[PDB]
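The data below hold one chain only, encoded as structure tokens and taken in the form deposited in one PDB entry.
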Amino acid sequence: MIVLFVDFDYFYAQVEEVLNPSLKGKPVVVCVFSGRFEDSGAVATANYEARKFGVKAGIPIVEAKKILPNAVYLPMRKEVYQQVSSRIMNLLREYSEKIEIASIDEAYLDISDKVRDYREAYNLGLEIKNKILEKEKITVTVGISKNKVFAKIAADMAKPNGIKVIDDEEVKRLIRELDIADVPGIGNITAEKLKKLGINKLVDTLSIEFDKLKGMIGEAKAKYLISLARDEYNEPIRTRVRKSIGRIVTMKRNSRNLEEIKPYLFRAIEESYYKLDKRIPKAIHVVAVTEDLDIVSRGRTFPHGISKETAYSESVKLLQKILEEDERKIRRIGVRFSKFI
């Protein structure tokens, strides 16, 4: 079984670069301005000219300018990146019907057919990296291996602009050498709970009584880990589908004032509805980020679709329930529509 994982390099920055080659060579930072103040916002992503100096997704736009005051800073243009991504996803389809679009820049292909071994796999890897670099002019990294997890790990290793294969001989040394935290799906919270269990490697998951592990990180997660370690993880490449559509915005000022909030909320709803395009939700949730960056939410499922008129009205009772229930001031507000017909 051979899985090939494709991963567009510093994607947003690269796209901004492809749309204005004059940028190539310079440090480019794609930002998300929250407009609360001068350069308030976070970094969506940066190309390597910037990443090599610490500028990476998540850090404040202000902190980055301290590091590279002369780098190019650009506002995020989601739609544009999204279309470029789709086009690229097709070039990839033409390499296997078995494709799993994970994110806006990640995908897996089941090429157990086409290829007969890790060699022809590699070639197909160079062939693909090439077609994309030609058709759209964008570099991607290719991870190749037995299952999705290791194909992705190969990618993390071989990037940027690389391609790497992780054969069975190596998978086994990794299940031993590779640090557990460096395993897809293990954030810091998990990584932390894992230390406390003396589990710092995939292998240690076999020296613990499953039931204790299930009580620490959860059944799903514990089974996930245990099967990888046992060299038995074998998840299929399935095609995913949008299960929720939403929009969250930041308010110039933290508020509790219903009226002060509504405008931001209706705007979120409006945008959301435009995005739903043809899709009809039976579920709605109102989401809020408290002034201490905590998240609060209240929803409701209807026994039928939801009209914009109903959503408008219904989202207000939920924002009210929120303010009634919680007392902190609200920083960001938004809606999320799920359970399409």
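Under this definition, the rigid core comprises the largest set of C-alpha atoms superposing within 1.5 Å between the forms. Residue positions are given as counts along the sequence shown, with the first one as 1.
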Comparing 131-139 with 114-122, the higher average Cα temperature factor in the PDB entry belongs to 114-122
Would you mind comparing 92-100 and 262-270 for me and telling me which has the higher average C-alpha temperature factor in the entry?
92-100
Between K278, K66, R300, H304, which one tops the list for Cα B-factor in this entry?
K278
Residue, from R77, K212, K223, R87, that the PDB entry assigns the highest Cα B-factor
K212
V72: C-alpha B-factor third of its chain, per the entry, is the lowest
C-alpha B factor of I295, ranked within the chain: lowest, middle or highest third?
highest
Test of reading the entry: by CA B factor among the chain's modelled residues, which third contains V6?
lowest
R230, C-alpha B-factor rank within chain (lowest, middle or highest third):
highest
Among the modelled residues of this chain, does the Cα B factor of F37 put it in the lowest, middle or highest third?
highest
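The form deposited in another entry is left out here; the points below concern that form.
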After superposition on the rigid core, does the Cα atom of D156 shift by at least 2 Å between this form and the one not shown?
no
At a 2 Å cut-off on C-alpha positions, does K221 qualify as shifted between this form and the one not shown after fitting the rigid core?
yes
